[PDB]
Amino acid sequence: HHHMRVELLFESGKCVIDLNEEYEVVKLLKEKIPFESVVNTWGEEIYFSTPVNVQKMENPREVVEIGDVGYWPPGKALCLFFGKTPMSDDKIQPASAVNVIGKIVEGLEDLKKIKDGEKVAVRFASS
């Protein structure tokens, strides 16, 4: 394991993500935690901007799976995929390629409760 558990605390719920530190963007996110951001939704994707800009993607994907965590360089955003985006009817299609850097491991079911504009506290997981 070179993985790190990050807790995301929203207003309406919370989750834990597991991120692979082998990816440059994850190494840099590590150095910025703790930070806070603000949530946006796009269908069943939550995304929020981060203070890390890494354009190069070691693992770009133009289709993702339920539970995937992506980094989207155009918006410098972490993206949480829990269902379909407005882009497709038979798969989860991000707007453009995202660097799939980890997985939602707890609280996947809380995500549908999160509204646009909720603050998020980005933290290392306490367990």
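Residues numbered from 1 in each chain as written, not as in the entry; some residues may be left out. Heavy atoms only, no water. Residues with missing side-chain atoms left out of burial classes, pairs and counts.

Its PDB header names X-ray crystallography as the technique used to obtain the model and reports a resolution of 1.900 Å.

Enquirer: What should I look at first to understand the overall build of the protein chain in this one?
Expert: The helix and strand tally for the protein chain stands at one helix and 10 strands. When the elements of the protein chain are put in sequence order from the N terminus, they spell out β-β-α-β-β-β-β-β-β-β-β. Expressed along its principal axes, the backbone C-alpha trace of the protein chain runs to roughly 35 × 30 × 25 Å. Counting contacts in the protein chain only where the partners sit at least 6 residues apart, residues at least 24 apart contribute 70% of the total. (Helix = DSSP H or I, 4+ residues; strand = E, 2+ residues; numbered from the N terminus. Contact = heavy atoms within 4.5 Å.)

Enquirer: So what exactly am I meant to see when it comes to the pattern of salt bridges here?
Expert: Any two side chains of opposite charge can pair if their charged atoms end up close together. Taken as a whole, this structure holds six salt bridges when the rule is applied. With a closest N to O distance of 3.5 Å, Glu58 and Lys56 form a salt bridge. Using a relative accessible area of 48% as the deciding quantity, one classes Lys56 as partly exposed. (Salt bridge = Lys/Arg side-chain N within 4 Å of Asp/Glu carboxyl O. Buried < 20%, exposed > 50% of the residue type's maximum accessible area, 1.4 Å probe, protein only.)

Enquirer: Please explain the nonpolar core as it appears in this structure.
Expert: It is characteristic of soluble globular proteins that their nonpolar side chains tend to be buried jointly. In this structure, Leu8, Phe10, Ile17, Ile46, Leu80 and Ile101 are the most contacted members of the largest nonpolar core, which totals 29 residues. Of all elements in the fold, only β1 (3-9), β2 (14-20), α1 (24-32), β5 (45-49), β7 (68-72), β8 (77-81), β9 (98-106) and β10 (119-124) reach the threshold of two or more residues within this core. Here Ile101 is in contact with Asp18, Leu19, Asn20, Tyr23, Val25, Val26, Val69, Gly70, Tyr71 and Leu78, once residues within four sequence places are set aside. Listed in part, the seven residues of the second largest apolar core include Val64, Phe81, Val98 and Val100. (Core = buried A, V, L, I, M, F, W, Y, C linked by side-chain atoms within 4.5 Å.)

Enquirer: Help me understand the UniProt feature "domain: Cyclophilin TM1367-like" (unreviewed entry) in the protein chain in this model?
Expert: The UniProt entry lists residues 4-123 under the feature "domain: Cyclophilin TM1367-like" (unreviewed entry), expressed in the numbering used here. Helix and strand shares over residues 4-123 are 8% and 42% respectively, and the end C-alpha atoms of the span are 11 Å apart. (UniProt positions renumbered as here; feature names shortened; annotations may be inferred.)

Enquirer: Would you explain the environment of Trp42 in this entry?
Expert: Considering the arrangement of structural elements, one finds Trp42 in the loop between β4 (40-41) and β5. Looking at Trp42, the relative accessible area reads 27%, which means it is partly exposed. The contact partners of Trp42, leaving out residues within four places of it in the chain, are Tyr47, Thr85, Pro86, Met87, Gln93, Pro94 and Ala95.

Enquirer: Looking at this model, I keep getting lost on α1. Mind explaining?
Expert: Along an α-helix, residues three or four positions apart point the same way, because every turn accommodates 3.6 residues. Turning to α1, its buried residues are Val25, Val26 and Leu29. Seen from one end, α1 has its buried residues packed into an arc of 95°, which puts them on one side. Considering only its buried residues, α1 is in contact with β1, β2, β3 (35-38), β7, β8 and β9. (Arc of directions from axis to C-beta.)

Enquirer: Would you explain the side chain of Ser88 in this entry?
Expert: Counting through the fold element by element, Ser88 comes out in the loop between β8 and β9. A relative accessible area of 15% means that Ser88 is categorised as buried. Of the polar contacts made by the side chain of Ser88, one reaches the backbone nitrogen of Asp90; its length is 3.1 Å. A polar side-chain atom of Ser88 sits 3.5 Å from the main-chain amide nitrogen of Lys91. (Polar contact = N/O pair within 3.5 Å; in protein donor to acceptor, adjacent residues only side chain to side chain.)

Enquirer: Hey, could you run me through the pairing of β7 in this one?
Expert: Regular strands place side chains that alternate from one sheet face to the opposite one. The element β7 is extensively covered by neighbouring structure, given that four of its five residues are classed as buried. The hairpin formed by β7 and β8 contains four residues between the paired strands, and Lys76 there has a positive phi angle of roughly 45°. (Pairing = 2+ DSSP bridges.)

Enquirer: Help me understand the environment of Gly43 in this model?
Expert: Position of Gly43 among the secondary structure elements: in the loop between β4 and β5. Distance from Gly43 to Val69, taken between C-alpha atoms, is 15 Å for residues 26 residues apart in sequence. With sequence-adjacent residues up to four places away left out, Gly43 is seen in contact with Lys84, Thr85 and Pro86.

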